[PDB]
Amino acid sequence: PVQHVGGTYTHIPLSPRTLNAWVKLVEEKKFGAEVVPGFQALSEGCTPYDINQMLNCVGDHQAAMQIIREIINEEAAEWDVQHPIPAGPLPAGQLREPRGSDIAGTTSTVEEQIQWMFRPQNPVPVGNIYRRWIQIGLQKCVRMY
């Protein structure tokens, strides 16, 4: 999550209580139907950095990471297909529009993620887009497990 203190938006991590709650939620029936709303509530206000921490937390469930990974690449490829990258201009020292991999938090830092989410000039809610990609992945975990 993110918090504003003196014209400065800053990262605050998910508390251990919450990460711990999510792990429990997941291990309870092993991707039971409950993980989907559970995840939507526990990831409210999150940056991609924070969602990747949530997933790292259950990473010993390799079979679900793989289902989730597959959809992330599926949705990130689609994203790139629907967000070309325009032929400049873009000024050295100025932050790129995000690609499907910046949204997933693979090629971007938490700080860049906060800059897209809260910039006044067409923010891009990268954390909320990513959550949509994970949800679909979670829904598949539930149907294939």
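Residue numbers here begin at 1 and follow the sequence given.
*Asks:* Please compare 124-132 with 7-15 and say which has the higher mean C-alpha temperature factor in the record.
*Replies:* Here the higher of the two C-alpha B-factor means belongs to 7-15.
*Asks:* On mean Cα temperature factor in this entry, is 24-32 or 85-93 the higher one?
*Replies:* In the deposited entry, the stretch with the higher C-alpha B-factor mean is 85-93.
*Asks:* Name the residue from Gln113, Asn52, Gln66, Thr107 with the greatest C-alpha temperature factor listed in the entry.
*Replies:* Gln66 has the highest C-alpha B-factor of those listed.
*Asks:* Among the modelled residues of its chain, does the C-alpha B-factor of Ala77 lie in the lowest, middle or highest third?
*Replies:* According to the entry, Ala77 has a C-alpha B-factor in the chain's highest third.
*Asks:* Report the third (lowest, middle or highest) to which the CA temperature factor of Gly100 belongs, ranking only the modelled residues of the same chain.
*Replies:* It falls in the middle third of the chain.
*Asks:* Taking the values exactly as deposited, rank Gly38 by C-alpha B-factor within its chain and report the matching third: lowest, middle or highest.
*Replies:* As the PDB entry reports it, the C-alpha B-factor of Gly38 lands in the middle third of its chain.
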